[PDB]
Amino acid sequence: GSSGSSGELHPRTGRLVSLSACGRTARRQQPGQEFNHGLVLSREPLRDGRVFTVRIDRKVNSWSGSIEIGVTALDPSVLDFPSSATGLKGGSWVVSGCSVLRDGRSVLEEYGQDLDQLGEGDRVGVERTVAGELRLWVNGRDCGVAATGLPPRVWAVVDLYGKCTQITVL
């Protein structure tokens with residue numbers, strides 16, 4: 001048994017978004033055209049304390065975009081992959097680089113961890129406290145609290161557009 005995974009990644013994705021046979025590696029296609037055009041969620045709902053970490057396999061410096069990552073309250077089996085992670089609704093928290101949003105609304109800014117700073121050589125992860133507070137983790141370190149008031153069940157959301165292109169779960 002075993003595997004050495006955490007939250008994994010759902011095999012179902014958009015068009016430009018593609019996953020591996022294992023289901024623990026996400027990547028985008030057509031890097032020389034567009035950025036946002038899909039999404040990648042976890043295979044299973046993150047448990048209390050469980051921190052969904054992910055590394056940046058590849059990062060293109062041709063664009064000026066950023067990487068979006070957070071959590072959602074909608075199952076990936078019946079979720080509607082929006083234009084981007086930040087474009088999620090129905091109780092979904094996303095970080096648009098030093099900016100925490102929920103359902104497409106800014107609530108916190110100047111957050112401790114800055115995803116926009118990432119760029120080949122920096123991993124990031126999310127976590128959902130029992131109380132219902134979304135937190136982030138960089139290189140296995142506490143960054144603080146992004147938002148509060150989360151449901152009892154959530155999933156690890158991740159997006160690969162512009163800067164970010166490929167991601168891998170730890």
# chains A, B, ... in the order shown; residues from 1 in each chain; ligands from 1
>>> residues_around(residues="stretch 19-30 of chain A", least_positions_apart="2", cutoff="10 Å", atoms="only C-alpha atoms", output="VMD selection string")
chain A and resid 5 to 17 32 to 43 54 to 58 158 to 162 164 to 170
>>> write_last_selection(atoms="N, CA and C atoms", output="CSV table (one decimal), in the first residue's frame")
chain,number,residue,atom,x,y,z
A,5,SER,N,1.8,10.4,-0.7
A,5,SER,CA,1.1,11.6,-1.2
A,5,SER,C,0.4,12.3,-0.1
A,6,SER,N,-0.4,13.3,-0.4
A,6,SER,CA,-1.1,14.1,0.5
A,6,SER,C,-2.6,14.3,0.1
A,7,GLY,N,-2.8,15.2,-0.9
A,7,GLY,CA,-4.1,15.4,-1.3
A,7,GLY,C,-4.3,14.9,-2.8
A,8,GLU,N,-3.2,14.7,-3.5
A,8,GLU,CA,-3.3,14.2,-4.9
A,8,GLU,C,-4.0,15.3,-5.8
A,9,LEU,N,-4.3,14.9,-7.0
A,9,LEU,CA,-4.9,15.8,-7.9
A,9,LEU,C,-5.9,15.0,-8.8
A,10,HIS,N,-7.1,15.6,-8.9
A,10,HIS,CA,-8.2,14.9,-9.7
A,10,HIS,C,-7.8,14.8,-11.2
A,11,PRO,N,-8.1,13.7,-11.8
A,11,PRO,CA,-7.7,13.4,-13.2
A,11,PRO,C,-8.5,14.3,-14.2
A,12,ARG,N,-9.7,14.8,-13.7
A,12,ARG,CA,-10.5,15.7,-14.5
A,12,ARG,C,-10.0,17.1,-14.5
A,13,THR,N,-9.7,17.6,-15.7
A,13,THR,CA,-9.2,19.0,-15.9
A,13,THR,C,-9.8,19.7,-17.1
A,14,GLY,N,-9.4,20.9,-17.3
A,14,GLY,CA,-9.9,21.7,-18.5
A,14,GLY,C,-9.3,21.1,-19.8
A,15,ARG,N,-9.1,22.0,-20.8
A,15,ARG,CA,-8.5,21.6,-22.0
A,15,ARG,C,-7.0,21.7,-22.0
A,16,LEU,N,-6.5,22.9,-21.8
A,16,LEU,CA,-5.1,23.1,-21.8
A,16,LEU,C,-4.4,22.4,-20.6
A,17,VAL,N,-5.2,22.2,-19.6
A,17,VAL,CA,-4.7,21.5,-18.4
A,17,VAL,C,-4.7,20.0,-18.6
A,32,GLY,N,2.7,29.2,-25.4
A,32,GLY,CA,2.9,30.3,-26.2
A,32,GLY,C,1.6,30.8,-26.9
A,33,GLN,N,0.6,31.2,-26.1
A,33,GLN,CA,-0.7,31.7,-26.6
A,33,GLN,C,-1.5,32.3,-25.5
A,34,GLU,N,-2.0,31.5,-24.6
A,34,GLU,CA,-2.8,31.9,-23.5
A,34,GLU,C,-2.3,31.5,-22.2
A,35,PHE,N,-2.9,31.9,-21.1
A,35,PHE,CA,-2.5,31.5,-19.8
A,35,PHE,C,-3.6,30.7,-19.0
A,36,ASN,N,-4.7,31.4,-18.7
A,36,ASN,CA,-5.8,30.8,-18.0
A,36,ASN,C,-6.7,30.1,-18.9
A,37,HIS,N,-7.1,28.9,-18.6
A,37,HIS,CA,-8.0,28.1,-19.5
A,37,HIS,C,-8.3,26.7,-18.8
A,38,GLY,N,-8.3,26.7,-17.5
A,38,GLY,CA,-8.6,25.4,-16.8
A,38,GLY,C,-8.3,25.5,-15.3
A,39,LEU,N,-8.1,24.4,-14.7
A,39,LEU,CA,-7.8,24.3,-13.3
A,39,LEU,C,-7.5,22.9,-12.8
A,40,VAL,N,-7.0,22.7,-11.6
A,40,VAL,CA,-6.6,21.4,-11.1
A,40,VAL,C,-6.9,21.4,-9.6
A,41,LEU,N,-7.8,20.5,-9.2
A,41,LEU,CA,-8.2,20.3,-7.8
A,41,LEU,C,-7.6,19.0,-7.3
A,42,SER,N,-7.7,18.8,-5.9
A,42,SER,CA,-7.2,17.6,-5.3
A,42,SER,C,-8.2,16.5,-5.5
A,43,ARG,N,-7.7,15.2,-5.4
A,43,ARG,CA,-8.5,14.1,-5.6
A,43,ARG,C,-9.4,13.8,-4.4
A,54,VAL,N,2.7,21.8,-2.7
A,54,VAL,CA,2.9,21.6,-4.2
A,54,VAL,C,4.2,22.4,-4.6
A,55,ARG,N,4.9,21.8,-5.5
A,55,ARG,CA,6.1,22.4,-6.0
A,55,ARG,C,5.9,22.9,-7.5
A,56,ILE,N,6.7,23.8,-7.9
A,56,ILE,CA,6.6,24.4,-9.3
A,56,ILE,C,7.6,23.6,-10.2
A,57,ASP,N,7.1,22.6,-10.9
A,57,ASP,CA,8.0,21.8,-11.8
A,57,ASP,C,8.6,22.7,-12.8
A,58,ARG,N,7.8,23.6,-13.5
A,58,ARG,CA,8.3,24.5,-14.5
A,58,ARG,C,7.7,25.8,-14.4
A,158,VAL,N,-5.8,24.4,-7.3
A,158,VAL,CA,-4.5,24.9,-7.8
A,158,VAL,C,-4.7,25.3,-9.3
A,159,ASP,N,-4.0,26.4,-9.7
A,159,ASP,CA,-4.1,26.9,-11.1
A,159,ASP,C,-2.7,27.1,-11.7
A,160,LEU,N,-2.6,26.8,-13.0
A,160,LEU,CA,-1.3,27.0,-13.6
A,160,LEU,C,-1.4,27.9,-14.9
A,161,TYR,N,-1.3,29.2,-14.7
A,161,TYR,CA,-1.4,30.1,-15.8
A,161,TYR,C,-0.3,31.2,-15.7
A,162,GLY,N,0.1,31.6,-16.9
A,162,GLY,CA,1.2,32.6,-17.0
A,162,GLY,C,2.5,32.1,-16.4
A,164,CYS,N,3.2,30.3,-13.6
A,164,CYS,CA,3.1,28.8,-13.3
A,164,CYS,C,2.6,28.1,-14.5
A,165,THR,N,3.1,26.9,-14.8
A,165,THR,CA,2.7,26.1,-15.9
A,165,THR,C,2.5,24.6,-15.4
A,166,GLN,N,3.4,24.1,-14.6
A,166,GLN,CA,3.3,22.8,-14.1
A,166,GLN,C,3.5,22.7,-12.6
A,167,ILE,N,2.8,21.8,-11.9
A,167,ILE,CA,2.9,21.7,-10.5
A,167,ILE,C,2.9,20.2,-10.1
A,168,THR,N,3.5,19.9,-8.9
A,168,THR,CA,3.6,18.6,-8.4
A,168,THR,C,3.3,18.5,-6.9
A,169,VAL,N,2.4,17.6,-6.5
A,169,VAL,CA,2.1,17.5,-5.0
A,169,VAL,C,3.3,16.8,-4.3
A,170,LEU,N,3.5,17.3,-3.1
A,170,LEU,CA,4.6,16.7,-2.2
A,170,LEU,C,4.1,15.5,-1.5
>>> select_by_dssp(residues="stretch 4-165 of chain A", states="strand (DSSP E)", output="ChimeraX atom specification")
/A:17-19,25-28,40-46,51-59,68-72,92-95,99-102,106-109,124-128,134-138,142-147,154-159,164-165
>>> residues_around(residues="stretch 72-77 of chain A", least_positions_apart="3", cutoff="12 Å", atoms="only C-alpha atoms", output="ChimeraX atom specification")
/A:8-14,39-46,69,80-82,85-95,101-104,126-128,132,134,149-158
>>> atom_distance(atom1="atom CA of residue A:110", atom2="atom CA of residue A:79")
29.3 Å
>>> atom_distance(atom1="atom CA of residue A:60", atom2="atom CA of residue A:140")
23.9 Å
>>> atom_distance(atom1="atom CA of residue A:139", atom2="atom CA of residue A:118")
11.3 Å
>>> closest_residue(among="A:121, A:59, A:83, A:145", to="residue A:99", atoms="only C-alpha atoms")
A:145
>>> closest_residue(among="A:130, A:100, A:143, A:71", to="residue A:113", atoms="only C-alpha atoms")
A:143
>>> decode(residues="stretch 10-66 of chain A", atoms="C-alpha atoms", output="tab-separated table (two decimals), in the first residue's frame")
chain	number	residue	atom	x	y	z
A	10	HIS	CA	-8.18	14.94	-9.73
A	11	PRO	CA	-7.75	13.40	-13.21
A	12	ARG	CA	-10.50	15.67	-14.53
A	13	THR	CA	-9.24	19.01	-15.85
A	14	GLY	CA	-9.88	21.65	-18.49
A	15	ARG	CA	-8.53	21.56	-22.04
A	16	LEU	CA	-5.07	23.10	-21.79
A	17	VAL	CA	-4.71	21.48	-18.37
A	18	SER	CA	-3.37	17.92	-18.32
A	19	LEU	CA	-2.51	15.39	-15.61
A	20	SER	CA	-0.39	12.25	-15.36
A	21	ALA	CA	-1.53	8.64	-14.99
A	22	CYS	CA	-0.67	8.72	-11.29
A	23	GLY	CA	-2.83	11.79	-10.73
A	24	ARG	CA	-0.24	13.73	-8.75
A	25	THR	CA	1.10	16.07	-11.43
A	26	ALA	CA	-0.62	18.98	-13.19
A	27	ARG	CA	0.57	20.94	-16.22
A	28	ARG	CA	-0.72	23.35	-18.87
A	29	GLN	CA	-0.38	23.21	-22.65
A	30	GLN	CA	0.14	25.85	-25.35
A	31	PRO	CA	2.46	28.04	-23.24
A	32	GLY	CA	2.88	30.34	-26.22
A	33	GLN	CA	-0.65	31.66	-26.63
A	34	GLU	CA	-2.82	31.94	-23.52
A	35	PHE	CA	-2.52	31.47	-19.76
A	36	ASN	CA	-5.81	30.83	-17.96
A	37	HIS	CA	-7.98	28.08	-19.46
A	38	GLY	CA	-8.59	25.44	-16.82
A	39	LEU	CA	-7.83	24.31	-13.27
A	40	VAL	CA	-6.62	21.44	-11.09
A	41	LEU	CA	-8.16	20.32	-7.80
A	42	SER	CA	-7.21	17.62	-5.30
A	43	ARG	CA	-8.50	14.06	-5.60
A	44	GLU	CA	-9.63	13.97	-1.97
A	45	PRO	CA	-10.80	16.61	0.55
A	46	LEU	CA	-8.04	17.95	2.79
A	47	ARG	CA	-8.37	16.83	6.42
A	48	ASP	CA	-7.95	18.95	9.54
A	49	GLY	CA	-4.28	19.86	9.79
A	50	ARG	CA	-3.42	18.22	6.48
A	51	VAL	CA	-1.42	20.73	4.44
A	52	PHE	CA	-1.61	20.35	0.66
A	53	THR	CA	1.89	21.27	-0.53
A	54	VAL	CA	2.92	21.64	-4.17
A	55	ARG	CA	6.14	22.42	-6.04
A	56	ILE	CA	6.63	24.35	-9.28
A	57	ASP	CA	7.96	21.84	-11.81
A	58	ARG	CA	8.35	24.47	-14.53
A	59	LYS	CA	7.89	28.24	-14.65
A	60	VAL	CA	7.83	30.32	-17.83
A	61	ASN	CA	9.15	33.89	-17.60
A	62	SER	CA	7.61	34.89	-20.93
A	63	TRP	CA	4.43	36.26	-19.35
A	64	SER	CA	3.74	38.61	-16.44
A	65	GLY	CA	1.00	36.61	-14.73
A	66	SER	CA	1.01	34.77	-11.41
